[PDB]
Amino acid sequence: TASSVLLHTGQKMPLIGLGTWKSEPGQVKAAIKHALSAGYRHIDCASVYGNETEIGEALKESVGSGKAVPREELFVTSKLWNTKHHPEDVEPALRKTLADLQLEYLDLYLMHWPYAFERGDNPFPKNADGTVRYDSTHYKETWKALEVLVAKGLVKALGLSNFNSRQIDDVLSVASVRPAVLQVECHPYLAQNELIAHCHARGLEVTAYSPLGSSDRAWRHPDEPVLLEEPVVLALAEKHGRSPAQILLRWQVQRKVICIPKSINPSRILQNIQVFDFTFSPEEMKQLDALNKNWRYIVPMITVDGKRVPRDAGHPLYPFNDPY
């Protein structure tokens, strides 16, 4: 039944939050309204999603002084984008996020990726051919600049997104403020058991994006199976009288993995938080474990002579070259 986990700061972070990744500015306000009505108290944002101003307007309607949801009862996460890794750019980036969201502080602020892109006002400084120009700033230097934000009261907790185990330990080796959360892709095809175990041994909680297996990206590999249609998922759905999405989310809830499924659909937004009133047996958890196959959907790609290949795997700080 328990619906949050404790961060090392003492903060309660709800096990289900609303993902705003891919939510267009024109649609995100309705999504936020529906989520708040459905009982969501955790919203996951990022500057690069290009919709924080609209999210700020939506939250201002029902969150804060004298409003239905007091500010302290909402958990808001945002993320520092790849072009803002230079120490001088870190606080201005956070301040811009706070201005757009119309907030005094964030509950959690993440480094969106461990690797940096060329500094400037273009989030994707691309060459004519589509590649992105890189920057050499190390994530340890960016981390030190992030730590200052906690002392100023602007952010309650800091964390990491798309870091691997080696990179997490590297941050830990120099940290004066400890990361509280790792956010990565996670679902039964990419169960992240090794990386989750690693985080638990380091005191970090884990947040899963793409917990429903990115069926919106299925067309990229049309002969691959769809996670939501896996026979074991369908069988669990029938046994428990729950939707396949609820099966995939409950699996993570029971693993104590926070989930941030992205949606603007009112029926799916509602469904996605109704995961605290049924339970899987040890046998069922092991059946879901059988799906693990190291299939990663979320990798930046680029088309080269009619084929999609990884775009960023040559960056010195790329996270996906190690086993975990």
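Numbers for residues come from their place in the sequence shown, where the first is 1.
Visitor: Give the stretch, out of 219-227 and 94-102, with the larger mean C-alpha temperature factor in the deposited entry.
Guide: Comparing averages over the C-alpha atoms only gives 219-227.
Visitor: On mean Cα temperature factor in this entry, is 290-298 or 27-35 the higher one?
Guide: Looking at the record's C-alpha B-factors, the answer is 27-35.
Visitor: When you compare the CA B-factors of 181, 174, 248, 195 as listed in the entry, which one comes out on top?
Guide: Of the candidates given, the C-alpha B-factor peaks at 174.
Visitor: Per the entry's Cα B factor values, which of 61, 52, 284, 44 stands out as the maximum?
Guide: Most elevated C-alpha B-factor of the set, per the entry: 61.
Visitor: Which third, lowest, middle or highest, does the C-alpha temperature factor of residue 257 belong to within its own chain?
Guide: Bottom third by C-alpha B-factor.
Visitor: Looking at the C-alpha B-factor of residue 313, is it in the lowest, middle or highest third of its chain?
Guide: For residue 313, the deposited C-alpha B-factor lands in the highest third.
Visitor: Quick one: classify residue 73 as lowest, middle or highest third of the chain based on its Cα B-factor.
Guide: Ranked within chain, residue 73 CA B lands in the middle tercile.
Visitor: Ordered by C-alpha B-factor within the chain, which third holds residue 158? Give me lowest, middle or highest, please.
Guide: Lowest third of the chain for residue 158's C-alpha B-factor.
Visitor: Would the CA B-factor of residue 167 place it in the lowest, middle or highest third of its chain?
Guide: It belongs to the lowest third of the chain when residues are ordered by C-alpha B-factor.
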